[PDB]
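Colleague: Pasting an experimental structure, sequence included:
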Amino acid sequence: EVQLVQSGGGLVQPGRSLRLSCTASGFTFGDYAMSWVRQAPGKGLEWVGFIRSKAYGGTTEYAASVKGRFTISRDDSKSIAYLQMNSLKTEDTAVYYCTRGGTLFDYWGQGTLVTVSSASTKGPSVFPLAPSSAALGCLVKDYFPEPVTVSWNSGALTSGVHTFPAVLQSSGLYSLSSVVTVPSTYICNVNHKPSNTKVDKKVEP
Amino acid sequence: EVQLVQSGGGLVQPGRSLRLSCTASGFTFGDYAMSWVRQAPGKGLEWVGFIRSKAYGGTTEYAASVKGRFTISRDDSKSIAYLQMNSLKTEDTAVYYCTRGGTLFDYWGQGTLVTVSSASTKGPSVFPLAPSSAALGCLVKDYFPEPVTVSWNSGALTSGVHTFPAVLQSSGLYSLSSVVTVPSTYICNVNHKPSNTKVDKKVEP
Amino acid sequence: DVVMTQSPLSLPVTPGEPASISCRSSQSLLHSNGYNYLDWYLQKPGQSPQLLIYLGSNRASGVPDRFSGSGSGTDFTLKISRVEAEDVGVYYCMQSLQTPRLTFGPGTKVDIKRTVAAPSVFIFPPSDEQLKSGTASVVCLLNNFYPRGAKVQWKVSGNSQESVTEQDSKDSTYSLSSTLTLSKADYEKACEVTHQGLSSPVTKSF
Amino acid sequence: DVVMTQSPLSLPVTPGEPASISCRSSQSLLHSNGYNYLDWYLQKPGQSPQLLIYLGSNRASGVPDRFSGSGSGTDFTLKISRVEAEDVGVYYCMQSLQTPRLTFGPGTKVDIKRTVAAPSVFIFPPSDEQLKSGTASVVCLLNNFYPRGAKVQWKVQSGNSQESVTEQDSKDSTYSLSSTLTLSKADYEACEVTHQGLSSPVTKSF
Amino acid sequence: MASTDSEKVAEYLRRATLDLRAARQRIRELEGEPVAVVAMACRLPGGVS
Amino acid sequence: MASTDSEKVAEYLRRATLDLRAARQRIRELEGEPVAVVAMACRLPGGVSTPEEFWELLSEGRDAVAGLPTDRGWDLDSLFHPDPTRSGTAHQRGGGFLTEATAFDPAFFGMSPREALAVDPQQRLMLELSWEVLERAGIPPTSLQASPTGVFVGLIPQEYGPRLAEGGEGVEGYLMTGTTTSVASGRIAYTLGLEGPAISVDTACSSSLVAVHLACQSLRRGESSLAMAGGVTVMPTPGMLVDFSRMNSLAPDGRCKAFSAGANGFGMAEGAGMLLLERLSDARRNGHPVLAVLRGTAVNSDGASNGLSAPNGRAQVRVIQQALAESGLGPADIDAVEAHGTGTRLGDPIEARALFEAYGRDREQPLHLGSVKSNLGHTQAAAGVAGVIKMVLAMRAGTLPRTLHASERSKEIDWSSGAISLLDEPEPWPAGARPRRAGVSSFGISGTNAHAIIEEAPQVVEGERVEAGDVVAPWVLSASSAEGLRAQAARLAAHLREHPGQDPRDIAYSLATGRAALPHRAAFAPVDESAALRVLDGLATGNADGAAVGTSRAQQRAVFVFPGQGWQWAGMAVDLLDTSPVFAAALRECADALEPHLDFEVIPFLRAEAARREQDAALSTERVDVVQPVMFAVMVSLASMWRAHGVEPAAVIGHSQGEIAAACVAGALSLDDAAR
Amino acid sequence: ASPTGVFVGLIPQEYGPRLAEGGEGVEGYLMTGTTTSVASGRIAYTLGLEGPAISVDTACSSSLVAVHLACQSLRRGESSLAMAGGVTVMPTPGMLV
């Protein structure tokens, strides 16, 4: 079958260089025009750029914002497409997608989550959410990057447990608040993977 | 289904006008580019012309030789294509094919046999073919146009009976020799349809 | 100029029902070829998008028959003859007349349909252990509400951050977090919604 | 210039056999989309042509699978897996890169294959009742011959011979030929062939 | 060809689309083709004939 | 911009083309998808009980027509009277009859001995063939539970015990469940848990082949990912021998003299055949062995013939040609037709003309005409499948079999064409450039004429790699009874002593993946083919030498207990590390987890003896601080190996320090956490 | 000689004397008139049909199974028309027993 396997994730700070490699398997690479599309968090697609097919000149066309810096290249002999990301600004924190056509984005590959933040890697600052009088919750905020898993009763309660998605503050950190809705005392543990910081909290109003 | 039904046969002399009408049924007429392709007797196809699709611009393009005199037109409202055959010549004595594409001749329609000759309509001058000493045959020559049917033993013998195809002389007449190959006396009848002239002949060497 | 397109951003679907998603374009996408130059795309929740329909009406290979496309030069319509869990996500209306392609548009947010839910508004004042580090965030839980068309006001706004959540299987509802990150002094100085489940604003404070 | 093409004009086929008809082009018909621009067409005996293959390899709808197309930018090949009687006809190799299309080329004359036949050369002197009207035509009747690669010479020279090639049949699958030598009064006062069935020229006169 | 940049490949696309239609209709006339109940004959209990 | 009208409509073109390239391979896989035949099962006349036993009855020219059965309690005296029109008499003095259809294994399936007594001999020989054709394919017959797997059985309604009206003395409620072909496909899908279409086909002498057609269709539609097609005609009564004699059609000798001048009737035989059918894509993707390939099968009726029994020529030509058309092939392609060859001097004449019309009219090489009924006899609903096993054995052995009693070619058939050569001698039929194809024909007494096309399996199996390994994979076998346990080791010993040179790991893989887990298990880890056939020679008698034997019904999930102290030797794990990559990796991981907190790396400690420490004035593993990490390391590595070889824990028991291993292996704590 | 399959779902029944106890006139017709195989075949013979005439047997689901088989043979194309159905007329009082 056809695959558009991707690579090029990692850590970059505002003003650095990165590489996005797309390997196409299943058809001839030279006659399809490669495109790079980006997924801003919270919304759908925005197209970054497209290079013409090898025999169609191989000229490039990016968006005015990423004109020049985000170079698009390709090659048949080793059958690889490069997006070289240059000076990734903090608006480049997005899921990039290798598309199989300048105007016809067919396979979309898999999706690489490229992060561009100036923050560091520390564990969460778990703050409780005391019920008014109800639901019981606790915060996760002051953590980065995004591996995350917050359960309640330490994986014992699953009905009514609902962990909120990440929220990005202007200072470059991530925000989560996990809450359960059941009358009653409840315990919440948060595991921060990259630094391995597990914090446990019990809540009363 | 799709059909490209044709009309426009008849009699024309060198220097007259004729109309070839093609009616398309099955799909939208406006986005296909009409073409007229013609089959000279004895060989395959020769493309006469084609008009572009209505929305492409309706730009007509004929062969250098038939450029100008022939006028390709079309229309969606009554869904009809016209080939205005003005100043017909000896090259127009041929079958004509309404083709459903400027560069993709799909259906080919049915085929109209347009004849351009200066001869008249008279019956055949049946001349025998005396065997040398074998096969027994008789001529049909000096006849025009081409409805024709020559059998031997008046439809009684069918094995070894083989009537030759029409041959066009420089004077505008048609030629047939019908032949049988069987040892022996044999009788051949020729029916000329347009003037209804049936001539019967018995052959000895 | 550019063919800027609109669509029913919040079209609901329910299992066992045929759905009719649409797109409207300012110009005519019907080229002189006679072929409509529109593409229908589907993005799964948290997955790679897929090409459902090209050239206005035709399938892509491997895409189930349950999607059909039609429409004129300006108006385009995709009918899902039978909606399932795989037919949920975001539907993208793509014009192929002019490519630069700056954005994919708002997109049609498709959700599994139930009746209108009762929005549970829960105010959580920030904990006293939050106040030692100089930060504060009173949290206005909006729980089990449908659709996601509710804005949260902060009175007695502008510092609210948005957390819209995953719609589930057993309940097929929404949850919302308007996170009001706050500072030392201005804490010593209420959230309410206008969701369609109710009419009068229900205002409760910390 | 023009992409002038050649083909195996006289490729034979037999029932129950896979056949390999070809075309060779001077230039490269491969497009910038890597799409070969050659169209295989079939003309039935005494019927309208049909579009078998476009874009080098792909079918037309309604054309049986028994035709398959392939080849590079210059060399193109159609294989017929299962040869039939409707398959027998003329095969046209059409280029697309440049259209003006003056002619369709020589075309591949396809015939049902049997062994080499024995050409029957029969000389028929013109009848005496032909000589009253001022005309004369001695007919060299070539019969039951295969293939149709035989020329008839008129000596004791040629140039007044007209051509009559005939229909290849079902039960015998052979050819017949008439070299009609229309002639005049005075010059009336011999035909032989070089067909592959024999080697030495067999010359018989009126 | 001459006008704009498509008078050929636009036909190849048109036929390809029509064939794909005609080959996809074959699939649905091969697996989901409705089978009309042209007639019914029965000899069931109750004197039913 | 996008190079107007040159980079889009050419981009849209490659998808209206490739989708078309994908929407046509769908039609070709919906209509001419070549289905594979995964495995063979056959209980045929004579001693034939397995597909490899049918070849030395077919390659050396042995006729299975011996005589009427005596196991069944047949009268055998009223069956034969000088008057040919006496009611109750049979005309044939023999025929190929099964000597094992009388017996069955009731306790093996979920069948009571009384119910199995009530079961039709067809339905009791069909379950065993199903189990065999599943065990032959490397597919555990108990692994196909609630899976789409059709059962297509060709059958002949045969009278068995007393009238359903009169019931029986013990067989009161089970008599229907035997003497109904309805359950003759549902019983198989019930015992094996198959969920696909359980369909019984009844067209008499073409049933099985008609059946395989349906199965082929069920594969080319996707209703069932797998099918078990075939047919059975086992005779518990002489009834149709009495009745076929009344129309004067049985050969007095019971032999099917196919295409012979000495024919005096169509004969009779009882048999059964079963094909494991799966589409080629699924067969090769799943790794199931592909013997041959059914490409195209056609089923038609004789129409208004010269009676219900008389065959039709034009219909036979039409079905043989339709099979080729649906398979995408032509007359020449088929290299060896094996037509019905009923055996009578009336059916053979008509059917040979049909063969000459569909094939002999346009032939490049003489079509090798054969008939399985010459070697076996007319097996009816087992004919149509029996010819398929013939041809598949022919292509898996590269030889075209003889047609017995065919030296005298029939004078009523015009063989002067020469396009059809009757297979009276073994014609070498080797693999070559042409895909080796052939065609099976079956024309039933009901008038339904059916024809299937069998191509050789595409020779893409070639390309396997070779290597050697130190892993002594267990030779595991299991049976439903203790005696069967002693018989599954004797037959395996017989097979490995009569088919020598089969590598031990291949035997372990086939015995392990391909044999159902039954409640009498014998398992031994061989080191040689002489230390294994010796265990297989002790397991056949019941002596558990170098092996493990156990009756373990109702036992499927295991517990991992973790002992504490006790192995003070600790000179064991060196060999396991030096020979097992997993023990050479998990031990390294847990040691490198132990090192940051206890500097002692278990690696130097490992390579040593039990008295190593005693030489340095120290008791065998006595230093607690040095010992506890090494038991933990070796313990977690052993648990990791046991979970790497497919054995997963259900519960966990930790004696004293096995609690740490409970933390580690059960996911409660990581390697670093529990090591710390 | 027209393609039309006879797809019939049945249940093996006991009509008359046993096949080994042939009557006076009903001797050679006792199996070719009672076996389920000749059921879809007898119509295919008397009426002259040339198509897939199969006697399917899936107990009380035999009728809809025959309808399944005919519909799947029609969608594909092997017989232009089809007769699909089931008939069970138990002749001896033994099915109930």
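Modeller: Sure, I can see it. Numbers count the residues shown, from 1 in each chain, chains lettered A, B, ... in the order given.
Colleague: and the residue of chain E found nearest chain C, what are its phi and psi?
Modeller: Nearest to chain C, among the residues of chain E, is residue E:10, at 4.7 Å (Cβ to the nearest Cβ). Backbone N, C-alpha and C define where each C-beta goes, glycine included. Main-chain dihedrals, residue E:10, degrees, to the nearest 10: phi -60, psi -30.
Colleague: which residue is nearest the middle of chain A?
Modeller: residue A:113 (3.5 Å; Cα atoms, centre = their mean).
Colleague: Out of all residues in chain A, which is the farthest from the middle?
Modeller: What lies farthest from the middle of chain A is residue A:133; by Cα atoms, centre = their mean that is 37.7 Å.
Colleague: OK, contacts around that residue?
Modeller: Contacts for residue A:133 were tallied using Cβ atoms under 8 Å, 6 or more residues apart in numbering or on different chains; they are residue A:205.
Colleague: returning to what we had before: my guess is the residue of chain E closest to chain C contacts residue F:6, does it?
Modeller: No - with contact defined as Cβ atoms under 8 Å, residue E:10 does not reach residue F:6; the gap is 10.4 Å.
Colleague: which one of the two has more residues nearby?
Modeller: Legend: neighbour count by other Cβ atoms under 10 Å in any protein chain shown for residue E:10 and residue F:6, higher for residue E:10 (28 against 17).
Colleague: Next one: the nearest residue to the more buried one once chain neighbours are set aside from residue C:97, what distance?
Modeller: Nearest non-adjacent residue to residue E:10, counting by Cβ to Cβ, 6 or more residues apart in numbering or on different chains: residue C:33, 4.7 Å away. Separation of residue C:33 from residue C:97 (Cβ to Cβ, to the nearest Å) stands at 12 Å.
Colleague: Show me which of the two is the more surrounded one.
Modeller: The neighbour comparison of residue C:33 against residue C:97 (other Cβ under 10 Å) goes to residue C:33, with 23 against 17.
Colleague: State the distance from that one to chain G.
Modeller: Here residue C:33 is placed at a distance of 35 Å from chain G (Cβ to the nearest Cβ, to the nearest Å).
Colleague: hang on, isn't that residue packed against residue F:8?
Modeller: No - contact status for residue C:33 versus residue F:8: not in contact, 10.1 Å apart, counting by Cβ under 8 Å.
Colleague: Please verify my assumption that the residue nearest to the centre of chain A contacts residue A:95.
Modeller: Yes - contact criterion Cβ under 8 Å: residue A:113 and residue A:95 qualify, at 5.0 Å.
Colleague: Tell me which helix or strand the residue farthest from the centre of chain A sits in.
Modeller: Element membership of residue A:133 [criterion: DSSP states H and E] is none; it lies in no helix or strand.
Colleague: Repeat that for residue C:93.
Modeller: Using DSSP H and E, residue C:93 falls within strand C:89-95.
Colleague: Angles on the backbone of the most centrally placed residue in chain E, please.
Modeller: When Cα atoms, centre = their mean is applied to chain E, the residue found nearest the centroid is residue E:25 (3.0 Å). With angles defined as degrees, to the nearest 10, residue E:25 sits at phi -70, psi -30.
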